[PDB]
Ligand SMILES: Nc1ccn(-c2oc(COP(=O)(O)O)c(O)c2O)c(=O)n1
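As a starting point, one isolated chain is supplied in structure tokens, in the form solved without this ligand.
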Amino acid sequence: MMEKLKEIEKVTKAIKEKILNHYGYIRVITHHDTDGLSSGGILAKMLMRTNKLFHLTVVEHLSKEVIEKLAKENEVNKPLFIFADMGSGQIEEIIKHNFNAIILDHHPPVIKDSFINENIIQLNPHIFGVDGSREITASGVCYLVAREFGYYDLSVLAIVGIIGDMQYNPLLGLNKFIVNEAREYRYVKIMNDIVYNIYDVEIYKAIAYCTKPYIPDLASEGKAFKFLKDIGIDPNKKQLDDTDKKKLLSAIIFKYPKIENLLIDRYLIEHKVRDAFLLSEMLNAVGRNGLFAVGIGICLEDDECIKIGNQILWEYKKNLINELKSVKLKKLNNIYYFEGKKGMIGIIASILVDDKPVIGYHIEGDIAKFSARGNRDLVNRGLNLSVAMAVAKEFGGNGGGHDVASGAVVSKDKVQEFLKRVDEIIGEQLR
């Protein structure tokens, strides 16, 4: 592991020198999810500290259209471009326009090279045989650059990206090294705890609006209040102690049996938002609402951006519970499915997964677009959603993805027939 870092240091040192020796404009382009906003915040601090002024933009997708602007800014003052949480998938277009560019990304690379020509450096873990889907995120990649300047305090934002991208359980590889370094330097403390304690609000509200896990029977202030009163816990306290947690867990297993999902390693970070899980949810909610610059402000610990983030998070959480309660969940033999709204199908399907895969879809043109979600126990028993969603090219469509999460597209009149086929495939995968 010290040897893999030694191979990565060759690329991070070159990136450091490229930034230090550049004196023109610097453009930072990052993504709007939690990992992208955290990357933006790491880069903003690192650049300010090295005396670089910069123009930071947050985009939703690095399309051909987006890259073809930007290239218009190249014509006079050819800036140094730093792409974060994107860039590897689109590297051909970036080479095409001859950007002076640094790419910090963990998406599977199209070109598996760290040095592309004389003007492009690509830092992507897959090039060193690190699995970017489980062992490092974009914010960790930006952090590997920052630590060449000795900015170990920025490790707290790398951890936020680890949570946002669901790479915290298990904690593997470079991610595990990053957390250990942060703990050694005392920027993070690690504490096993119950998930409701991360919110620092009234516990009955923490339970009412939780979606990790979502417990339908408890998903309202009234039912959560009553449940806590019954087992003798003060519903208005803001942290459950050890006695409260034993009583809660003993009682809740009857409404939600997989109570291991209620226990997590909490990360208490050196940041004004001290709970990394809470900061991750805040950045998500702010990014989903288009408040990109507020999200950067939160990473930079601005009081007012944090106050906006708190207000937006709880509106986001209340609205998500409302959306969840409006789902008309329909059951086949081995799956559930539902029709919902274009924006949140996959978000809703992942939250709804309990014992069987969940497939959501929305109708667009004549198209119908599906999002399929499973869990780890489902995969261990033999689920593979990309094989089952591939059957879309049997009904004049297309489908695929990962074993635990896949999509598909299939003409609007084949919905029932496509789902029957998917249901039967999954049934057989699990025997």
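In this text, residue numbers run from 1 along the sequence as written.
Keep in mind that the form deposited with this ligand bound is missing from the display, and what follows is about it.
> Answer for residue 107 alone: is it within 4.5 Å of this ligand in the entry with it bound, judged on heavy atom distances?
Yes, residue 107 sits close enough to this ligand in the entry with it bound that at least one of its heavy atoms falls within 4.5 Å.
> Taking any heavy atom pair closer than or equal to 4.5 Å as contact, tell me whether residue 45 reaches this ligand in the entry with it bound.
Output for residue 45 is no: heavy atoms all beyond 4.5 Å of this ligand.
> Taking heavy atoms only, is residue 369 within 4.5 angstroms of this ligand in the entry with it bound?
Yes, residue 369 is a contact residue.
> I'd like to check something about residue 61: if you look in the entry with it bound, is any of its heavy atoms closer than or equal to 4.5 Å to a heavy atom of this ligand?
Output for residue 61 is yes: heavy atoms within 4.5 Å of this ligand.
> Flag this candidate site as yes only if 205, 206 and 222 all have a heavy atom within 4.5 Å of this ligand in the entry with it bound; otherwise mark no.
Heavy-atom distance to this ligand in the entry with it bound: none of the three under 4.5 Å.
> Have a look at 46-54, 22-30, 397-405, 374-382 and name the one stretch with heavy atoms inside 4.5 Å of this ligand in the entry with it bound.
Flagged stretch: 397-405.
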